[PDB]
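Below: the structure, in structure tokens.
Spelled out as structure tokens, the structure:
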């Protein structure tokens, strides 16, 4: 076939019921994740090719960057709760990997302040139990698929994208192959 299990994707030996349609995992410490976000715009090109009715979900993970890794998972919960993902994603990536000016929770907080979220609103969210349960959801989704690496994308809790099996001579061709694969799996 043109798309083969173990080639552009793998199948989960243990499917996950009720899982989000398109589920993406990343870390602000993850170097290919930085690429996926600022150079390749994966999420965005996937969305452009997905059918109507398909919602897209993105979660942060704890297993990179120790203590700061966890703070970032909680900050991402804050970003999701306030709906400000598109304003903090780039400065968080660059603060962690480019300028290396993010070293503590207070530095993460600064990124949100500079993006215009109010201190009082940020700290309230940070400490809220809605954000607690959003952190729980991120952890549970990752646990469900025994996730040990990022970036990762899962389709309907049963297929996992395998970018290692796609040409990388051309960044544009890679992205389209990736997005077309998500669509194919989506229609499966």
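Residue numbers (the entry's author numbering): 1 to 188. Note that the Cβ used here is the ideal one computed from N, Cα and C, for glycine as well.
DSSP, read as helix, strand or coil, puts residue 184 in helix. Here residue 42 is buried, its C-beta having at least 16 other C-beta atoms within 10 Å.
Under the three-state reduction of DSSP, residue 167 is assigned to coil, being neither helix nor strand. The C-alpha of residue 101 is placed about 26 angstroms away from the C-alpha of residue 148.
Residue 49 and residue 183 have their C-alpha atoms spaced approximately 7 angstroms apart. In the DSSP assignment, the residues bridged to residue 26 are 60. Using a 10 angstroms sphere on the CB of residue 24, the tally of other CB atoms reaches 16 or more, which defines it as buried.
Nearest C-alpha to residue 129 among 77, 154 and 159: 77.
Excluding its 5 nearest sequence neighbours in each direction, residue 96 has C-beta neighbours in its own chain below 7 angstroms: 28, 29 and 102, listed in chain order. Bridge pairing for residue 160: 10 and 154 [DSSP]. For the 7 angstroms CB-CB criterion, residue 45 and residue 175 form a contact. In the same chain as residue 68, and ignoring 5 residues on each side of it, no C-beta atom comes closer than 6 angstroms to its own.
Across the structure, residue 179 and residue 57 are spaced so that their CA atoms are roughly 15 angstroms apart. For the pair residue 90 and residue 167, the Cα-to-Cα distance works out to about 26 angstroms. For the options 170, 20, 83 and 119, the alpha carbon positioned closest to that of residue 39 is the one of 170.
Contact annotation, residue 158 with residue 10: C-beta distance approximately 10 angstroms; criterion of less than 8 angstroms not satisfied. Nearest C-alpha to residue 165 among 82, 8 and 134: 8.
DSSP places residue 73 in the uninterrupted alpha helix (DSSP H) bounded by 66–82. For residue 54, no alpha helix (DSSP H) segment is defined, and its DSSP state is neither H nor E.
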